[PDB]
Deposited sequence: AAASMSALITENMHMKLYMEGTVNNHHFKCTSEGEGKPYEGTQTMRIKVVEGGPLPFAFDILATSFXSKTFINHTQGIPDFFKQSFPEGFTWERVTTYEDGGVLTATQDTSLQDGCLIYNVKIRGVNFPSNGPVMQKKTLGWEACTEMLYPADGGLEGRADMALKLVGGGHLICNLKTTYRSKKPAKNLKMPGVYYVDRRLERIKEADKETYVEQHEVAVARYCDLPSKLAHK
């Protein structure tokens, strides 16, 4: 089901603070190499009064290179697919929740995302568009389906970073009996903006993500 090259289609709808919006995207990637690209359009409510960066992690867990034999919760969930739900908390008061459904239709991955962000401070770097994309990060995943934890650093104009924390629950639509669960592992990823136009109403994003165990020696 998950081939060497896969395409994605996405629909996204939500609110940040008091501002409603909708996006659509399409892209393609290499699920086993852990690379993908999305070309994204803000199709309602654009231009957005907030930095597009806070939406970046809401646009794809099938495209992670699971190395070292780590069982692949996400690739395993097909054809049934899976969901994810997340709360991202910014250290300056912004909070953004997202819920996502991932399905497989006629060989194409289909994403349906819902966003609800609140309390992003009116005079902070998100609402004043002082951001410059994300640093790389390592997400820790563990059985719980799976939960994920990560701290991300948002680059700011003038140097420095605004930090946020991600708590994610990943749920399989496939019966647990039919799944081989991984233990604790780590996903290194670098999520980058490649192109943007028209006040961030057009954006191209790329992600490379590789799963691994700790590769330091153990004394046990």
Deposited sequence versus model: which ranges have no CA atoms?
1-7, 67, 153-154, 231-233
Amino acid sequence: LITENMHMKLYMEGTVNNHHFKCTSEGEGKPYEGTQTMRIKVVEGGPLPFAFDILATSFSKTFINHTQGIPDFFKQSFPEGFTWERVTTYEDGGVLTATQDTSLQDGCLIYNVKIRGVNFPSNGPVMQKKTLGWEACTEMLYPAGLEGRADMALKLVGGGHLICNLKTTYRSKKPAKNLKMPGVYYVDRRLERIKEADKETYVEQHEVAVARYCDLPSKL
From here on, numbers count along this sequence of modelled residues.
Compare the mean C-alpha B-factor of 24-32 with that of 169-177 as given in the PDB entry, and name the stretch with the higher value.
169-177
Of 91-99 and 105-113, which one has the bigger average CA B-factor?
105-113
Quick one: which of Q128, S77, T138, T83 has the biggest Cα B-factor according to the entry?
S77
Looking at the temperature factor on the CA atom of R189, which third of the chain's modelled residues does it land in?
lowest
Please rank the C-alpha B-factors of the chain's modelled residues and tell me whether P49 sits in the lowest, middle or highest third.
lowest
Chain-wide C-alpha B factor ranking for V210, given as lowest, middle or highest third:
middle
Place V203 in the lowest, middle or highest third of its chain's C-alpha B-factors, as listed in the PDB entry.
lowest
Where the record places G148 (Cα B-factor, split into thirds across the chain)
lowest
